[PDB]
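Engineer: I am attaching a structure below and will ask some questions about it afterwards.
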Amino acid sequence: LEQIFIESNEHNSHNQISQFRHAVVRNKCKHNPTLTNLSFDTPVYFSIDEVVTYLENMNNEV
Amino acid sequence: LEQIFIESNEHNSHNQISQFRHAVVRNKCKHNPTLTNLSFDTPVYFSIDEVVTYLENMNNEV
Amino acid sequence: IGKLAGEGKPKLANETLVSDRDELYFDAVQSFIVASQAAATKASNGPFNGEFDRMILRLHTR
Amino acid sequence: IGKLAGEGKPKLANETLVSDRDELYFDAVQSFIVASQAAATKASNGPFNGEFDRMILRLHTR
DNA sequence: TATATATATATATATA
DNA sequence: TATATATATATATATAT
């Protein structure tokens with residue numbers, strides 16, 4: 001994923017990377033709430049459009 | 001002296017090495033005044049702890 | 001160097017420009033003002049600053 | 001180059017515009033304006049500014 | 001009341 | 001892409017008119 005979605009300054013994106021990871025991790029628990037101790041690398045459903053709109057919201061926060 | 005203390009890493013050392021030498025020279029001049037025309041490599045005494053104190057005072061210079 | 005108007009040349013500690021390098025640089029070491037970005041005091045760094053640090057000590061040694 | 005309204009071209013030291021590069025840059029050296037972010041005298045540096053520093057000297061020497 | 005004077009934040013260029 | 005040092009409107013406050 002870090003290769004396919006994030007493309008910048010091969011390793012110079014420490015902010016965006018982390019926030020992306022947080023978004024995915026906290027979104028996975030919404031759509032599969034029964035499972036426990038879910039991590040990034042874990043293979044379960046996760047929608048990308050939701051994550052895009054999530055960051056697009058964080059952008060204009062006040 | 002540049003191998004025992006300052007490892008080869010962190011090529012961004014322009015400032016470091018210059019100010020290091022500039023500190024050692026003065027610390028040498030202080031504790032051995034009778035002599036003249038001192039240098040970096042000249043074998044006279046110096047207090048490495050004082051070198052540390054100076055470099056720190058610089059690190060927090062305002 | 002200084003980048004103000006009609007001052008496309010170096011600048012020393014005493015606010016005095018220079019025309020021909022060969023006339024003064026040899027006589028004795030000189031000190032210049034600090035780099036700054038003010039619109040009034042616009043000073044940028046030189047082309048060859050920093051690079052030549054080692055060979056100076058090597059030559060002083062030899 | 002200045003960014004004011006209707007001045008998307010280079011500015012001369014006499015506040016005069018440079019329409020075509022090929023007709024002027026060849027004649028002789030020129031003088032430009034100072035770079036500033038004031039709205040009355042706004043001007044931003046150019047594309048290749050500052051890059052061609054060492055080459056000029058090397059070539060003049062050769 | 002009016003006038004002037006001082007901190008906060010927010011957007012843009014420049015360097016690495 | 002980042003940090004950082006610059007910058008500039010926009011209060012609120014002080015004082016004198």
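Chain labels run A, B, ... following the order of the structure tokens; each chain numbers its residues from 1, and ligands are numbered from 1 in the order shown.
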Quote the C-alpha RMSD, in Å to one decimal, that results from superposing chain A on chain B by least squares across all C-alpha atoms in order.

Structural biologist: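 The C-alpha RMSD comes to 1.4 Å.
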
Engineer: Can you work out which residues from chain F touch chain C at a cut-off of 12 Å (counting only C-alpha atoms (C1' of nucleotides)) and hand them back as a PyMOL selection string?

Structural biologist: chain F and resi 5-7

Engineer: Using only C-alpha atoms (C1' of nucleotides), tabulate the residues of chain A lying at most 9 Å from any atom of chain F, each with its closest atom pair and that distance in Å to one decimal, by chain and increasing residue number, as a tab-separated table.

Structural biologist:
```
residue	atom	partner	partner_atom	distance
A:8	CA	F:1	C1'	7.2
A:9	CA	F:1	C1'	6.9
A:12	CA	F:1	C1'	7.1
A:13	CA	F:1	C1'	7.0
```

Engineer: Using only C-alpha atoms, I'd like a table of the residues in chain C that come within 12 Å of chain B; for each, show the closest atom pair and its distance in Å rounded to one decimal, ordered by chain and ascending number, as a tab-separated table.

Structural biologist:
```
residue	atom	partner	partner_atom	distance
C:49	CA	B:14	CA	10.3
C:50	CA	B:14	CA	6.6
C:51	CA	B:14	CA	8.1
C:52	CA	B:14	CA	9.6
C:53	CA	B:14	CA	7.6
C:54	CA	B:18	CA	9.2
C:56	CA	B:18	CA	11.2
C:57	CA	B:40	CA	8.9
C:58	CA	B:40	CA	11.1
C:60	CA	B:39	CA	9.2
C:61	CA	B:41	CA	8.6
C:62	CA	B:41	CA	11.9
```

Engineer: Quick one: residues within 10 Å of residue D:20, only C-alpha atoms (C1' of nucleotides), excluding same-chain residues fewer than 5 positions away - as a list in words?

Structural biologist: residues 9, 10 and 25 of chain D

Engineer: For the selection just defined, write its residues with C-alpha atoms to a file, as a PDB file, in the first residue's frame.

Structural biologist:
```
ATOM      1  CA  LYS D   9       7.210  40.180 -17.467  1.00  0.00           C
ATOM      2  CA  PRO D  10      10.700  41.063 -16.221  1.00  0.00           C
ATOM      3  CA  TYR D  25      19.940  39.960 -22.866  1.00  0.00           C
TER       4      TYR D  25
END
```

Engineer: Quick check, in Å to one decimal: how far apart do atom CA of residue D:15 and atom CA of residue C:47 lie?

Structural biologist: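 The value is 28.3 Å.
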